[PDB]
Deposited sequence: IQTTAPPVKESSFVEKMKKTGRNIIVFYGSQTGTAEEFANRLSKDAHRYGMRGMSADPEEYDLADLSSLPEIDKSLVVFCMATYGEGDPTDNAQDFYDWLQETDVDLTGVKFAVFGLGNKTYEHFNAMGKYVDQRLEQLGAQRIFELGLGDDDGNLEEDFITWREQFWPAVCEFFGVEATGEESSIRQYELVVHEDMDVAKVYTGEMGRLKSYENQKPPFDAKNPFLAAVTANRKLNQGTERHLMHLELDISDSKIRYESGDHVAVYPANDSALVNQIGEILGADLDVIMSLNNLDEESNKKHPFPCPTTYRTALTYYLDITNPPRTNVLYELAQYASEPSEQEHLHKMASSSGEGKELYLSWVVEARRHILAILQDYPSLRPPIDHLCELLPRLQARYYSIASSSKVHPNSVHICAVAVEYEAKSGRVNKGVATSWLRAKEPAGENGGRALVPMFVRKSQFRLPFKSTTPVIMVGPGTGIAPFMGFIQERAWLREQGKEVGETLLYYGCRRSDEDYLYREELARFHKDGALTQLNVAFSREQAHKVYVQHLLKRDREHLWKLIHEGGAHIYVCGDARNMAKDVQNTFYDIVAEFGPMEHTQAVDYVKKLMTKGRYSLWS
């Protein structure tokens, strides 16, 4: 993991006074950072954005060597209040270092979600440490909330941020600037055009270890069957073959996949923009110094970039609608698009209802504002990167060392846009039929693990697809037994709507219970009666016995599935169990369950 040379030197050579660092798992903090960097130019300053994993942040002590210098951290919080994977080296440095940051000016925008226990843990930490190390905060810590609207929190913070920067440094605010230039390739050889590979040219057709985010392994789809019994939704079990990939995983780990966008959606964007999507091109950085040569692997076709490199499905952010406004020939449509970027009033409210709440993707916006006819080259520079999708691996490597199993609900909903929207990755996984049907993937290691000693009892709470990793856990616990190992009680609390609708792994779980692999199979059918039966109803019922396992057997409790509501209700039930059988007050119950649910006991998403 070889760091770039000093970022202070880079910015000294390039004539930049502001650097903006992104802690980003799924690219939102990265987008915020590039926007702040560009923003610099409109205030007589020069900005760059940087991936902190690539630099040694100790070079912060050198940043005062540059006049009227400033560092901004856009820091997403991931996991159970941990840093993003790219921010982990920064985090571990901040803890260990006692460097003197005297004369360093800083500001932090945290990206977080209130529904999560540790709201912007990473934002707040970074903000606090730089101070403790002797750096001067030039503007208040921003607490962005994805639970509300994060975009609107960024608008509000940025709008106040720049005036204060201008005020402090004694500089003054002063027109569409493009980051990249279009180059069309007429006479290009087929063998040097990217076709959806993420890393090296021909990484896909030409597979060579080691496999990771930058070089995903193309795993063959062994299996892909309907799990759910009814037709109400589509829940799907997939087995990916990682034979000869040299990939190592444990139960509780995550599998990331790189999907393709819907063909019809891509062609429609092309048709409505009157564009030739089969043109071969590059968008090359106009700043010849930046290592970011292109916004995505180039040269390549618009069709390819729209299929594998670009997000064409999520509600576009305000700066993308703002940049497009110029290409709207009807003054009213130009006005709406321009005002999407307001921090207040009618424009903000239109952006929240018409774009966000209605889940309008770029194509819908082009259709509903027919006067908006951008050129495909700028659109492709503006759209964000298509991100990998993570899934809890539904198999144990002890049992299935050459296969990675996925348990997923297909996303397909009716939006206020009047359109039916489709999950990019789930629609694409669904269409994979068992040359071979190939899925670019890699493994991200998690802290979500079985207890070290087999005698330790496990309690697993995993309604709906929340069961994904517990299938692995149960496979593995079953395996230890049949290897003559001594295994504690193994308790599954699972949930679904009906026995005959969405009872995932019904046959497989019946089996495990008969063999003794599951000590108890407790299932809550939330719609087999007038009232809701949920997992925390079964938890409260088993309160006496669950306390025995927790207090006397040091049982590990695992909780996977919906972050918003399920995980909070489950935790309140555990607080209520501890408070009875301690005894102790509610305050000490909460301390107790917090200490029990240490990093690697919650696997939550929403």
Fill in the blank from the handout: Counting from 1 along the deposited sequence, the ranges with no C-alpha atoms are 1 to 6, 181 to 183, 444 to 448
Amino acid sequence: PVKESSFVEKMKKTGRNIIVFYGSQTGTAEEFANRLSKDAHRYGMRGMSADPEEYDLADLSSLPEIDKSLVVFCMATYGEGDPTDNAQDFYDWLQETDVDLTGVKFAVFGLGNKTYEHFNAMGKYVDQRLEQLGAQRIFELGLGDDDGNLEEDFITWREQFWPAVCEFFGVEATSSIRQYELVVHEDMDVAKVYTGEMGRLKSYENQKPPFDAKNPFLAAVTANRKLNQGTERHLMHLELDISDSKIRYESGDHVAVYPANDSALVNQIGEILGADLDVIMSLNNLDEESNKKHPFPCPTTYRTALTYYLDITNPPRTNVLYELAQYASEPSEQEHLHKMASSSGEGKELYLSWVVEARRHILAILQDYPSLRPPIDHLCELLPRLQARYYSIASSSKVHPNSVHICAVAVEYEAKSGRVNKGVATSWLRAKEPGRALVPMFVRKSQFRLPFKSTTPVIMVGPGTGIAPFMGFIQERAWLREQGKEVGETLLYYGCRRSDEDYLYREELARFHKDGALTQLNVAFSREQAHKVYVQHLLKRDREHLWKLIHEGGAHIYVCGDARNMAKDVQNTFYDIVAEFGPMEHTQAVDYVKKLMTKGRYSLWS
From here on, numbers count along this sequence of modelled residues.
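So that the term is clear: the rigid core is the largest set of C-alpha atoms that superpose within 1.5 Å between two forms.
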Fill in the blank from the handout: Core-fitted, the stretch whose Cα atoms sit farther from this form in 5 other deposited structures of this protein, 92 to 100 versus 440 to 448, is 92 to 100
Problem - At least a third of the other entries leave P216 unmodelled - result: no
Handout entry: Missing-residue flag, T174, threshold a third of other entries
Key = yes
Fill in the blank from the handout: As the entry reports it, the stretch among 111 to 119 and 295 to 303 with higher mean C-alpha B factor is 111 to 119
Practice task
On mean C-alpha B-factor from the PDB entry, just flag whether 283 to 291 or 491 to 499 is the higher one.
Solution key: 283 to 291
Practice task
Sort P259, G199, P469, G142 by C-alpha B-factor from the entry and give me just the highest.
Solution key: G199
Problem - Candidate residues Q536, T174, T156, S395, the one whose C-alpha B factor the record puts highest - result: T174
Problem - Third of the chain's Cα B-factor distribution that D127 belongs to, per the entry - result: middle
Exercise for the section: Please place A425 in the lowest, middle or highest third of its chain by C-alpha B factor as given in the entry. Expected result: lowest
Completion exercise
Tertile call for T14 (CA temperature factor, within chain, third-based) is the highest
Handout entry: Within-chain third of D85 by Cα B-factor, per the entry
Key = middle
Exercise for the section: Within this chain's modelled residues, let me know which third the CA B factor of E482 belongs to: lowest, middle or highest. Expected result: highest
